[PDB]
Structures are given as C-alpha cells and as structure tokens.
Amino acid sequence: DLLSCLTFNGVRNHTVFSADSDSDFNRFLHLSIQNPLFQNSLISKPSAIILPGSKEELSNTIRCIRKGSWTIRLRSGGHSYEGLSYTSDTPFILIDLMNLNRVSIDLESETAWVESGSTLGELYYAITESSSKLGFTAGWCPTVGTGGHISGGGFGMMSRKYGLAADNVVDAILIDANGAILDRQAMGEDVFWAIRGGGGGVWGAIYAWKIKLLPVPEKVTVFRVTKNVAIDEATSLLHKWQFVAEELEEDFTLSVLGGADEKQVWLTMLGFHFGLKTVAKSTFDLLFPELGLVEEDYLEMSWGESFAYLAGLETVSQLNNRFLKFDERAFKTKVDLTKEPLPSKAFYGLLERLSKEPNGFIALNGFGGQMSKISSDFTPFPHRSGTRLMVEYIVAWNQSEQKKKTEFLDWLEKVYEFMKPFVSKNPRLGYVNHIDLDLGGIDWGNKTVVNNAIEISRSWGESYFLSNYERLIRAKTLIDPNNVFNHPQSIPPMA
C-alpha cells in the first residue's frame, strides 16, 4: 500500500526490510549509522527505507506515509548521539536524505542553497571550490549532516566570530506534515525561528537551507599541537586556558581535546586566527606563553584547508567524502555549559578521572566573542551572554572492547556527577545537538504521559532552550499540531 502510493506519486527509490544479512536494505541502513552503539541486531529496524531525490519526492513521500500508520524517521548525516534518526519503538519508515546533497553557491549574492542531505564537509568543500574569500560557520566533524546539525544550532571553530550555523540562515524550505512546500514567507516567522535551532525531527522535513556565506581572509592561521605533560602542568594549563579562551578577541579561537593514561596527560590545542601568523603568535606569546608554542607550530593556509586540518583530515578533498570513516567507535557523550569559572580542583579531578580511563576524552570550547553579542532569543539556542564554556565528556570503544561497555558508561556517569557542582545549575544546561536521553523521554503512545507532556518535557526542554521553550511549543502547535514529527524529546504540541 505504501509502495503503491509512492509509485502513483513517482517516488521510485525505496527498499523494504530484508532479513538477508547482506541485503541491499541492510547496506542502506548501515551506510549512515555514525554511532556503532546502535548498529547491533537487537536494535529496532525500519520497515522500509525511502531515498527521495527531489523536494517533490520528499513531499510525496511524507504524504504517502501519512495515509498509513507509520512513524516517520528522517536521516541526513546519521550523527544523532542517541541514534534517533534511524531507531524507533514503533514501526517506522526511514527517509534517508543522502541523495539530497546538492549545494548551490551564488557568488553574486554570497549565499548558498544547501540541500539537507549535504554534510558539513560537502558544504565546506563546495565553498572553498567557489571562492578563496568565503567560508561558513558550522561544526568541526566533516561527516555531520546539515539536516540535523543546522536544525539544532551548530557550533564550531568560527562561532566566536560568526555564531552558530543557524544564526546565519536566511531562508529555508520546510516540507510539513501535509507535504506542503514552505519557504520562510510561507512558514511564517515563528516557524522560521523554531527551525533554526529548535531541534531536528520536530517541525517537518527541511528540504534545503539558504545560508549567508561569510568573509574569510585568503590566508588564516591555525595550530594543532599536542602537549604531553603531567597532571600538575595539565591542570594549570587548563585552568588558565579557560580565561584565555573566553576572553580572546573574536578573530581568535583556542579549543582543547584532552585525555590521559595514568601519569601521562595529553592535551591537543586547536588554534584558529582570522589572519596571519605574526599576529597569531604575538597574541599567544602575550596571553598564553605557558603553551610553549613555537614558530613552526603556526601554519598559514586557506580557510578550506584550515577546516580540513583542524579536524585531522589528510586533504581538503577528504571534506567531500561523506562516507569517510571519521571515528568508527561506539560512544556515549555528555555535555555541560558553564557560567562561573571552573576552579583548579575541577580540572585536577577531571584529569584524575581521565587518567583512570584511557578510552575517555574531553573537548573544551570557550564562548564569548559574537556568542555574547547575539541575544538569547535571536534563535532557539539560548546560551549566549553569560555562558563561559562548553565542556564535552566522551567515552568511546571499538568492538574488541565491548565487554567493558558497562564499565565505560559507569565512568562517564561518574564524571558527570563529579562536575555537577562546578557547572550550570537550576537547571543544568544542555544543547539539543548533544541530545541526552538520560534526561528522560516521552512515550507518545502513553496517554497519561501525553496528557502531561508539556510539564514532563520541561526537564530537557528548559535545559536546551531555557525561556525559548514557550515560543517553541507555540511554533510546534502551528506547524505540526498532529505531532507527525516526534521522538522521545520532541517539543510537544498543545492538545
């Protein structure tokens, strides 16, 4: 019946569930699973997979699915930390957007239309190919899809200069629950606001984003330097880093990846300057001489090269490979946002815990700069002025380490508990692109829960969106009153 509808409407690229271990269905299913944690045979599988090739096919796909009794799941890059683009407790249809990966750059207006199956790397590659003086602000991981990423905000190495990816979206095409094809004018300002950070899988299916391309110099300066130190020095480095990072002028970003193993601590310093190396080094010589950076650490390169380099890719060309395996490990991650400086003992304790679990690592970013100049309600991401750091805790493992899964998860849980007193409180803040089901979830098939959905959902909702939660609920009711687009943490419509 679903197939007959799709055929009648000219949607041809689909595959039904097959039990065949290496069926084509299984190949398409796994192609974009980016967290192996959700790859095993015990996980829910789609009844069919549809690959629309145009906005019309996407529209008609949704229209057909509604005639039936299916849960819709949209997948762009498949990076959901909780696998929410390709799992469901109820029978579901997976709409995989990988064929919608066209990027159209308009050099006369310095904007681009980006189909939502496009990855960040594909976007960055397209931009660098078109111009040596344009770039875009989005995340660090190249295989992340624009569909989920921009829908949730999108923070990266240029966010201190230009804000989130979603802060630079000027139009969009949203396909709603009825298959309507809506641009910014059609969807209205509340819905256009909601889609720019309100979370993927909630408002409808984004077909394409229209973004403003942003100036970059023909040469930027970057460094990627790993310090191998002991805990005393690592603690003093991280404690000073937090001040340097938040306080740097907007033309600079200094971020950290860190981990340890008994007495050996490693800190990878990621630096970016919107300009030349003499200025870059003068700045860090003054503000952070403790890093011990030397001239040879500073590299001048194009913006495109810088984004490939900072992510550890071999070449700019690799940005354009959506199936390049960036990190093939099962993982779980949590995040904190901070409002007060972290005391030295917080870093010391975090490092002690990392030293006991070599499979764990942290990623540290400063806010400030343009992130403090954008109002908390400009887009749904509310963590602007007053927010000092974003701190990510990750534990990751390969298949040969699977028996330690429980131990790994316990470690992460204990790290998050340790950090509680030092980070944001009342509520403990989060980021919707860093979706965390530990906060809870709605079973939309449960009547008593659904009756109280707004209050229940406030637990994660206010963590992700603070005071923007209310407007999100109103936008949800306007664009998806029947809740066609739902998941355990989707914004509830009013009854």
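We number the residues from 1 along the sequence you see.
When the C-alpha B-factors of 335-343 and 148-156 are averaged, 335-343 comes out higher. Per-stretch averaging of Cα B factors for 415-423 and 286-294 places 286-294 on top.
Take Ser463, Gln39, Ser457, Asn468 and read off each C-alpha B-factor from the entry; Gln39 has the highest. In the PDB entry, a CA B factor belonging to the highest third of its chain's modelled residues is recorded for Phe323.
Sort the modelled residues of the chain by CA B factor and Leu276 lands in the middle third. Remark: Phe243 belongs to the middle third of its chain, ranked by C-alpha B-factor as recorded. When the modelled residues of the chain are ordered by C-alpha B-factor, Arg224 sits in the middle third. Among all modelled residues in this chain, the alpha-carbon of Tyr431 has a temperature factor (C-alpha) in the lowest third.
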